[PDB]
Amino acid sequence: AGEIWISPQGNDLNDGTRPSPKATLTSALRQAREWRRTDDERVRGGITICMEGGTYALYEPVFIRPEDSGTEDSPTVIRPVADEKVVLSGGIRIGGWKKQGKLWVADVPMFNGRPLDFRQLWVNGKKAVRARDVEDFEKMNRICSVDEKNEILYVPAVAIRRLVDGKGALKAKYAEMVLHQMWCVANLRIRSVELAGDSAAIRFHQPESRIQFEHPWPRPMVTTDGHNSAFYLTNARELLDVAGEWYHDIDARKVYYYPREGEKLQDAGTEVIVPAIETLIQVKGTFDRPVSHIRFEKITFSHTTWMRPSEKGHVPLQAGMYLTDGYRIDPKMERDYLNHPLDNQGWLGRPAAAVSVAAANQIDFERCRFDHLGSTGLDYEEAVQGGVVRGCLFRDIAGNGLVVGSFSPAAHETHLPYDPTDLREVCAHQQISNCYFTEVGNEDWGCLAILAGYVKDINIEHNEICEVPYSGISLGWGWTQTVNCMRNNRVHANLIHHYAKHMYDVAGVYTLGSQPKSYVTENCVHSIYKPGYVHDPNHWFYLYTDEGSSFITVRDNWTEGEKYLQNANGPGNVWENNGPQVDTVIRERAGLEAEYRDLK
């Protein structure tokens, strides 16, 4: 393989030899593209883009396109030299910190010619806390009631007193409520507060308010037995009061931080990073002209943003997929093929990802690290054939770790079966193995470690998942027993524990929709969390086949106890030998294999 070198001290006018390296991946890919176009002999055995140890900051995604395609004998591989660490960062450094009491304050610089805002902030590789009302979520306040007709949320007056002035009017201009509702959270930006004696009338901004109040599922819990929806409050100067909290004042363009033990903001050995762009690598072809035979190896991807919740709120249906329109229907819709009557209509959007792959084949990630991210880690979006995601770490991710396939096209109501005529559209034959997921969904608690929607021939095996807010692995979509594109899906020998940290209606492995000849086998699930603010404390499981699930063999899974749910399933699922009696050999070989345990 011929080599093209990049360095943090390189220059894009250089020829890309090791003594004279490029400065950017964009320039280095362009040179590789030119070698392939002109049949340069250095292409013969592949092209390896070798990157010197360091951080490479991006102001726009790297666009890997059909003309970048390798072949099986001549792949393009992008990797560090030796065992040096390479970070592709979508963030920028904040300096010029001045002391102002217990807090420090800094001007937020311009990014790509405009004011920058952000929802995450990292200090020496350690995520800081966007300022909120309570530290311990077990201490969240609960709501009092919902007025749907008027779009009002009533909560205890004591909960919001720090956000109002002497006259009971909202004083925290951009304050946000994060509302726990059944199996999702919603991000709802506060427009106004009106004190109503012991209660406070909370109104929210558009566009989220309309969608929040009219969508039926999930919806806020208002109960007589102490299970009302919890919420917390964030994004307000008035809530910044403990070490590690920050608030960014967008009107002043200043950011305030309460430093933690050993953080020395005026020293150069202390790095404050904020995220600036959504997507670092965009692998994108067309269905006729796919991108192919690209491998990323040992690359760290970091510091991506996603500002949609700050701009439009965030009212997801499930798995972090936000509703663009969602309402109750009466009478219910009657459906074909023995489907249960449907009481709602929903259309969805897809969160941004650090790395996206669409219209491609044989796009591999080997021992990459997805670390410090504001939305999704890795997203195999559409029309991808194959690809091996193996040995990767996913950690400190606000949303889903790894996303594959369709959650219904934007215009396609999300309970109607998805089965496109153009079969090229459907993600098929992905292999996701020996990856470790921890501390994902750490903002959007409705998110998963591995979220595969409408896919076919997927193989999810020997992964380990822990410390996640909700389910571990979710496979399928559509809430329908109508036979569709899905078939041949496998979830095998994964290890899932310390899940459902925040959300119930949950399992270690969860399925939706009809999936001919699919398999959930030899997994190991244990040690579920028991949070105090969940909607119903018994509504948790180790393994859970949800509406439509059909033709799935659920067999030989070691689980801590027998606690399973089959809700509104279709036919032909086989449940056999699941539980604590499963052979020890199966129990113990679940998760990372010996070769990849250095991920921990």
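One rule holds for the numbers: they count along the sequence shown, beginning at 1.
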Inset, instruction - Can you let me know which of the two, 253 to 261 or 449 to 457, has the higher average C-alpha B-factor in the entry? - result: 253 to 261
Legend entry - Comparing 42 to 50 with 546 to 554, the one whose average Cα B-factor in the PDB entry is higher: 42 to 50
Legend entry - Maximum C-alpha temperature factor, selected from 293, 314, 372, 149: 149
Inset, instruction - Compare the CA B factors listed in the entry for 277, 348, 78, 144 and report the winner. - result: 144
Inset, instruction - Classify residue 160 as lowest, middle or highest third according to the C-alpha B-factor given in the PDB entry, relative to its own chain. - result: highest
Inset, instruction - Sorting the chain's modelled residues by C-alpha B-factor, tell me whether residue 575 ends up in the lowest, middle or highest third. - result: highest
Legend entry - residue 227 - which third its CA temperature factor falls in, relative to the rest of the chain: highest
Legend entry - Third of chain Cα B-factors occupied by residue 471: lowest
Inset, instruction - Taking the chain's C-alpha temperature factors as the reference, tell me which third residue 537 falls into: lowest, middle or highest. - result: highest
